[PDB]
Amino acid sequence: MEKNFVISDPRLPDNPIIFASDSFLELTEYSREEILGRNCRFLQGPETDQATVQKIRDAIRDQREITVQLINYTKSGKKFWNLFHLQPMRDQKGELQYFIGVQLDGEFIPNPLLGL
């Protein structure tokens, strides 16, 4: 099965990526060594809806799962629609341990409907 996903450590400054799947590197055209320890916001760009980024920010604050569709950019500057699913991961004692984010590329919801 193909799966674009990255894993971040919220107990380190600014939620850095500590693991990225091979297909994520394939989709984003980045190498593994140039995104490790990065915040995933580097995928955003001029066309990224800031109102959608705000929804992600609130979901991380409240440590709840969320699904949004937003524009992301590859290393070479190509735009692609990203159906992004974020999920909190807790340990045996109920403490937040990781965030996992899954990316599906494609304009699943038509943008004229997404803008409403």
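Quick note: we count residues from 1 along the sequence shown, nothing fancier.
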Average Cα temperature factor in the PDB entry - higher stretch of 97-105, 9-17:
97-105
Compare the mean C-alpha B-factor of 87-95 with that of 67-75 as given in the PDB entry, and name the stretch with the higher value.
87-95
Splitting the chain's C-alpha B-factors into thirds, which one does residue 52 fall into?
middle
Lowest, middle or highest third of the chain for the C-alpha temperature factor of residue 58?
lowest
Against its chain's modelled residues, does residue 39's Cα B factor rank lowest, middle or highest third?
lowest
